[PDB]
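Below is one structure, written out as C-alpha coordinates; the observations come after it.
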Amino acid sequence: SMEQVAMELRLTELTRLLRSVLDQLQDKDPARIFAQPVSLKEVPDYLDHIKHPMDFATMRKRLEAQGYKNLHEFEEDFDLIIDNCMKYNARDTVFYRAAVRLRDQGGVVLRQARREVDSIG
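For the sequence shown, position 36 (counting from the first letter as 1) is numbered 57 according to the authors' numbering, and the numbering increases by one without interruption.
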(Lines of atoms letter the chains of each structure in order from A; the text may use other names.)
(Lines give C-alpha, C1' and ligand atoms only; values in the text may rest on other atoms or scores of the structure.)
Protein backbone atom coordinates (compact mmCIF):
# COMPACT_ATOMS: atom_id res chain seq x y z
CA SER A 22 0.00 0.00 0.00
CA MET A 23 0.96 3.59 -0.35
CA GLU A 24 0.37 4.07 3.44
CA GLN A 25 3.00 1.27 4.18
CA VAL A 26 5.46 3.06 1.90
CA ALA A 27 4.92 6.42 3.65
CA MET A 28 5.46 4.72 7.05
CA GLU A 29 8.63 3.14 5.68
CA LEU A 30 9.89 6.47 4.44
CA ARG A 31 9.33 8.02 7.98
CA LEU A 32 11.30 5.06 9.48
CA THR A 33 14.07 5.67 6.99
CA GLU A 34 14.22 9.35 7.81
CA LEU A 35 14.23 8.57 11.57
CA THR A 36 17.11 6.15 10.90
CA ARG A 37 19.02 8.99 9.17
CA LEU A 38 18.52 11.30 12.14
CA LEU A 39 19.47 8.52 14.69
CA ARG A 40 22.67 7.81 12.73
CA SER A 41 23.72 11.43 13.10
CA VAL A 42 22.76 11.29 16.86
CA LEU A 43 24.76 8.05 17.25
CA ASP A 44 27.82 9.64 15.67
CA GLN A 45 27.62 12.65 17.88
CA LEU A 46 27.26 10.52 21.05
CA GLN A 47 30.09 8.25 20.13
CA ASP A 48 32.39 11.27 19.67
CA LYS A 49 31.86 11.94 23.34
CA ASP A 50 33.67 8.58 23.98
CA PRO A 51 37.07 9.35 22.54
CA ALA A 52 38.73 6.55 24.57
CA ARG A 53 36.42 4.03 22.75
CA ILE A 54 35.46 2.46 26.07
CA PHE A 55 31.91 1.82 24.84
CA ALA A 56 32.69 0.98 21.23
CA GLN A 57 32.38 -2.81 21.42
CA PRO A 58 30.68 -5.44 23.59
CA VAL A 59 32.30 -6.37 26.85
CA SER A 60 34.29 -9.54 25.97
CA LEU A 61 33.04 -12.67 27.82
CA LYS A 62 36.45 -14.22 27.21
CA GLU A 63 38.09 -11.36 29.15
CA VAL A 64 35.22 -10.79 31.72
CA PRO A 65 33.80 -14.31 32.10
CA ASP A 66 31.40 -13.41 34.94
CA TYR A 67 29.91 -10.36 33.14
CA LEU A 68 26.44 -11.81 32.52
CA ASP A 69 26.08 -12.73 36.18
CA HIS A 70 26.23 -8.96 36.83
CA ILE A 71 24.72 -7.33 33.74
CA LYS A 72 21.59 -8.82 32.22
CA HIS A 73 21.26 -6.69 29.10
CA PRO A 74 24.76 -5.74 27.80
CA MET A 75 24.94 -2.88 25.31
CA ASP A 76 27.61 -1.02 23.30
CA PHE A 77 27.84 1.34 20.33
CA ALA A 78 28.57 -1.42 17.73
CA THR A 79 25.53 -3.41 18.78
CA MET A 80 23.40 -0.17 18.54
CA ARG A 81 24.82 0.53 15.06
CA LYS A 82 23.78 -3.02 13.90
CA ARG A 83 20.22 -2.44 15.14
CA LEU A 84 20.14 1.02 13.58
CA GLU A 85 21.27 -0.19 10.16
CA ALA A 86 18.52 -2.85 10.16
CA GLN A 87 16.09 0.08 10.83
CA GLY A 88 15.45 -1.55 14.18
CA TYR A 89 14.66 1.57 16.23
CA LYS A 90 10.93 2.55 15.74
CA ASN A 91 11.17 5.73 17.82
CA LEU A 92 13.73 7.81 19.75
CA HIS A 93 12.64 6.26 23.10
CA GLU A 94 13.94 2.82 21.95
CA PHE A 95 17.29 4.33 20.92
CA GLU A 96 17.63 6.20 24.19
CA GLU A 97 16.88 2.99 26.12
CA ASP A 98 19.89 1.34 24.52
CA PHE A 99 22.12 4.39 25.12
CA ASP A 100 21.12 4.45 28.75
CA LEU A 101 22.00 0.71 29.06
CA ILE A 102 25.52 1.48 27.93
CA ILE A 103 25.89 4.06 30.74
CA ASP A 104 23.93 2.32 33.44
CA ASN A 105 25.60 -1.13 32.95
CA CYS A 106 29.05 0.53 33.26
CA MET A 107 28.11 2.48 36.38
CA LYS A 108 26.95 -0.74 38.09
CA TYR A 109 29.84 -3.09 37.10
CA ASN A 110 32.63 -0.58 37.66
CA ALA A 111 33.39 1.37 40.83
CA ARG A 112 33.30 5.18 41.17
CA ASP A 113 37.08 5.52 41.22
CA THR A 114 37.59 3.86 37.82
CA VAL A 115 38.31 5.25 34.40
CA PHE A 116 35.32 3.23 33.13
CA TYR A 117 32.76 4.70 35.52
CA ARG A 118 34.11 8.19 35.02
CA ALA A 119 33.92 7.77 31.26
CA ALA A 120 30.25 6.80 31.55
CA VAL A 121 29.46 9.86 33.66
CA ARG A 122 31.08 12.14 31.07
CA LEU A 123 29.24 10.40 28.21
CA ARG A 124 25.94 10.74 30.01
CA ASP A 125 26.49 14.45 30.72
CA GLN A 126 27.67 15.28 27.24
CA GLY A 127 25.13 13.09 25.45
CA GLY A 128 22.22 14.75 27.36
CA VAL A 129 22.74 17.91 25.33
CA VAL A 130 22.61 15.99 22.01
CA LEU A 131 19.56 14.00 23.02
CA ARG A 132 17.69 17.09 24.18
CA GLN A 133 17.80 18.60 20.66
CA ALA A 134 17.19 15.21 18.96
CA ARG A 135 13.89 14.99 20.80
CA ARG A 136 12.89 18.46 19.59
CA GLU A 137 13.82 17.44 15.94
CA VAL A 138 11.95 14.18 16.09
CA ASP A 139 8.80 15.97 17.36
CA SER A 140 9.28 18.99 15.04
CA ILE A 141 9.76 17.00 11.71
CA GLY A 142 7.31 14.31 13.02
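Idealized CB from N, CA, C, for every residue including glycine.
For residue i, count neighbouring Cβ atoms within 10 angstroms of its own Cβ and tell me buried if that reaches 16, exposed if not.
i      : result
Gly128 : exposed
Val42  : buried
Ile141 : exposed
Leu39  : buried
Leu123 : buried
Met80  : buried
Note the first and the last residue of the continuous alpha helix (DSSP H) segment covering residue i.
i      : result
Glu137 : 115-141
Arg53  : That residue, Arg53, is in no alpha helix (DSSP H); it is neither H nor E in DSSP.
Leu84  : 77-85
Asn105 : 92-109
Rounded C-beta distance between residue i and residue j? I'm assuming under 8 angstroms.
i      : j      : result
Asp76  : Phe55  : 6 angstroms
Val130 : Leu46  : 6 angstroms
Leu84  : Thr36  : 6 angstroms
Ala119 : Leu92  : Not a contact, Cβ separation roughly 24 angstroms.
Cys106 : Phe116 : 6 angstroms
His73  : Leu101 : 6 angstroms
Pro58  : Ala27  : Between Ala27 and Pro58 the Cβ distance is about 36 angstroms, and since that is not below 8 angstroms, they are no contact.
Tell me whether residue i sits in a helix, a strand or coil according to DSSP, three-state version.
i      : result
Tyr67  : helix
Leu61  : coil
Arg112 : coil
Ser41  : helix
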